[PDB]
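Remarks on the structure that follows.
Just so it is clear, none of the values below were taken in a lab; they were calculated from the coordinates. Using ideal geometry, Cβ is built from the backbone for each residue, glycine included, and neighbour counts are taken over all protein chains shown.
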Amino acid sequence: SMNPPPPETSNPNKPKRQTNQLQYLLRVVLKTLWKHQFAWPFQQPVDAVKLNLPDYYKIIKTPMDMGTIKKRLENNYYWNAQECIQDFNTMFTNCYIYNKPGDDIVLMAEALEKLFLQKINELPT
Ligand SMILES: COc1cc(C(=O)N2CCC(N3CCN(C)CC3)CC2)ccc1Nc1ncc2c(n1)N(C)c1ccccc1C(=O)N2C
Ligand SMILES: [Cl-]
Ligand SMILES: [Cl-]
């Protein structure tokens, strides 16, 4: 297939709030991962046309990426911190599902996930 539309990044019907946890997710967690050397491939949706991955969306029905997460945080899409944590987890898990233990992109995902866990460890109460 071609690519689906990217995940929604705004919901005008959903109320908005900026909590200490959401602040930390944007200013610390997302910022740290985004600026990591390995971030580029995760900064926008998987492009199955450009990467020549005809079966990507047969396998991955819940795509996610850090570009989407960034936009969601910057747009105040998330009401609960858990929504954002779940998106990071989906992004990493999809990479492990589609690819193989040896692969460069998997090594990159694992490094980013470790960093994610180190940062989320200090998520405020
Ligand atoms: C802006 O998005 C991307 C840019 C590039 C890219 O042009 N370069 C330039 C060449 C560069 N190399 C130069 C040669 N060197 C030895 C290694 C580094 C690596 C980065 C490469 C990949 C990009 N995007 C990308 N999105 C989602 C994917 C994914 N890739 N990978 C690699 C996957 C590959 C196959 C199947 C799935 C994925 C995947 O799960 N993710 C998350
Ligand atoms: Cl997309
Ligand atoms: Cl399909």
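Count the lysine pairs in the chain whose Cα atoms sit under 22 Å apart, keeping only pairs 8 or more residues apart in sequence or on different chains.
For the chain, qualifying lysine pairs total 24.
Can you name the helices of the chain, as whole DSSP H runs, whose Cα span along the helix axis is 18 Å or more and whose Kyte-Doolittle mean is not below -1.0?
The answer, listed by residue number, is 81-98, 104-120.
Around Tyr77, what is the net charge, scoring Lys/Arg as +1 and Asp/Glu as -1 over all other residues with Cβ under 9 Å from its Cβ?
With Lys, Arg at +1 and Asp, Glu at -1, the net is +1.
What number comes out for the charge environment of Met108, summing +1 per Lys or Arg and -1 per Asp or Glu over other residues with Cβ under 15 Å away?
Overall, the nearby charge balance is -2.
Over the chain, calculate the relative contact order: mean separation of alpha carbon pairs under 8 Å at least 6 apart, over the residue count, as a percent.
36 percent
In region 15-87, what trypsin sites (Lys or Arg not before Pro) fall in a loop by DSSP, with at most 12 other Cβ atoms inside 10 Å?
Passing sites in region 15-87 are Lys16, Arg17, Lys35, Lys50, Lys61.
Please state the charge dipole magnitude for region 19-123, taken about the Cα centre, from unit charges on C-beta atoms (+1 on K and R, -1 on D and E), reported in debye and rounded to the nearest 20.
Charge dipole of region 19-123: 220 debye, to the nearest 20.
Within 14 Å, Cβ to Cβ, of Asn99, how many net charges do the neighbouring residues add up to if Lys/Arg are +1 and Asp/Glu are -1?
-4
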